[PDB]
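Some notes on the structure that comes next.
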Amino acid sequence: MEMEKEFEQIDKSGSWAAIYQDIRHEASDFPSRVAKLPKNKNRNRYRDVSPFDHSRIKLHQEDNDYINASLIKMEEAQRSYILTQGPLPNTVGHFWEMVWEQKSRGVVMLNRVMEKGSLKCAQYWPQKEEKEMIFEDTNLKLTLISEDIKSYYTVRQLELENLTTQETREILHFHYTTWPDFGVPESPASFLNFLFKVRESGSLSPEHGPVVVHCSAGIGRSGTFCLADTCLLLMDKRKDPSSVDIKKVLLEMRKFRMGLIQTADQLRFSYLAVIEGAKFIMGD
Ligand SMILES: CS(=O)(=O)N1C[C@H](O)[C@H]2C[C@@H]1CC[C@H]2O
Ligand SMILES: CS(=O)(=O)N1C[C@H](O)[C@H]2C[C@@H]1CC[C@H]2O
């Protein structure tokens with residue numbers, strides 16, 4: 001079925017939970033043996049969210065190459081994404097090592113450091129220009145260059161230096177700051193505006209390594225971001241945009257990381273975002 005009228009048909013019939021459970025039942029199951037090794041326990045935030053072995057990002061290190069991060073490669077859309085958990089106190093150096101080694105231009109953050117009165121990820125970037133961060137375990141230096149605070153999101157320019165080689169690179173930090181502590185946003189307008197700002201920066205384009213996108217677990221809000229982006233790109237590429245099937249795209253992405261889209265409300269929100277976004281691109 002088309003999307004916008006499949007949407008109204010699920011609303012009127014109140015069957016979002018059943019649609020979402022079908023996706024959970026059909027989703028891929030692949031091994032994650034490296035994630036579960038005892039030496040990696042303090043490298044995982046949640047015991048039930050792990051990268052698959054076949055798609056995990058490897059650190060360029062011989063001691064321990066493990067990080068909780070997955071490469072999502074979308075062949076028809078010609079886009080790739082790295083989805084990862086929010087960094088832990090003992091993985092902030094690994095996080096920036098991955099950004100460096102994978103040649104990423106942008107980092108997309110969809111959570112606040114504290115939500116619901118608890119810590120959802122480490123403070124992993126510097127908050128003042130004159131107070132830079134040094135990660136001694138991976139030999140990197142990170143400096144805040146500029147910060148632009150807007151009503152729904154903040155963009156930061158960062159400098160990452162590989163202290164072994166003295167090479168430097170400019171990284172863009174795109175921080176969506178207004179996702180509610182509970183539920184999903186009422187309108188997708190600010191989330192779509194944010195997606196378009198990431199696109200306009202070059203951070204999603206083939207002349208760079210994959211964008212790094214995270215929330216707390218790296219599957220829920222993060223899944224919504226890449227699902228919406230890929231569906232909108234496919235609608236632009238194809239002769240028949242109504243042939244894009246958001247459930248099929250989501251199942252394809254779940255071949256590369258488990259659990260993408262965590263609730264039926266997130267699924268409904270993803271439909272809403274793609275529907276509204278397709279009108280602004282031109283459509284209607
Ligand atoms: C009732 S439902 O399955 O269709 N469903 C939608 C409803 O709006 C509420 C509660 C439930 C699941 C998500 C949430 O959106
Ligand atoms: C058919 S589609 O547009 O919904 N779609 C094609 C796209 O390339 C992805 C995901 C999905 C089906 C498998 C794969 O080819």
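Oh and the sequence shown: position 251 is 251 in the deposited numbering, straight run, nothing missing. Ideal Cβ placement from N, Cα and C applies to all residues, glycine included.
The DSSP-derived three-state label of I57 is strand. Non-local C-beta neighbours of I145 in its own chain, meaning closer than 7 Å and more than five positions away in sequence, comprise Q157, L158 and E159, ordered along the chain.
The closest heavy atom of ligand 2 lies less than 6 Å from the beta carbon of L234. Taking the Cα of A35 as reference, the smallest distance to any Cα among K58, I19, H25 and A27 is reached at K58. DSSP places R169 inside the beta strand (DSSP E), whose first and last residues are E167 to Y176. Counting of Cβ neighbours within 10 angstroms places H25 among the exposed residues, the total staying below 16. Assigned with DSSP and collapsed to three states, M3 falls in helix. Rounded to whole angstroms, the separation of the alpha carbons of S203 and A278 is 21 Å.
Runs of beta strand (DSSP E) with 3 or more residues, each lying fully within the stretch 76-152, are found at 79-84, 106-109, 133-135 and 140-149, listed in chain order. In the DSSP assignment, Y66 forms a beta bridge with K58.
Assignment of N44 by DSSP, reduced to helix, strand and coil, places it in the coil class.
Three or more beta-carbon pairs separated by less than 8 Å are not found between the stretch 189-198 and the stretch 47-58, which leaves the two stretches without contact. Between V92 and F174, the C-beta gap is not smaller than 7 Å, which leaves the two residues out of contact. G183 has its CB no nearer than 6 Å to any heavy atom of ligand 1. Segment contact: the stretch 178-188 against the stretch 109-119, three or more CB-CB distances shorter than 8 Å; contact assigned.
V155 is bridged by DSSP to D148 and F174.
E4 has its alpha-carbon roughly 19 Å from the corresponding atom of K237.
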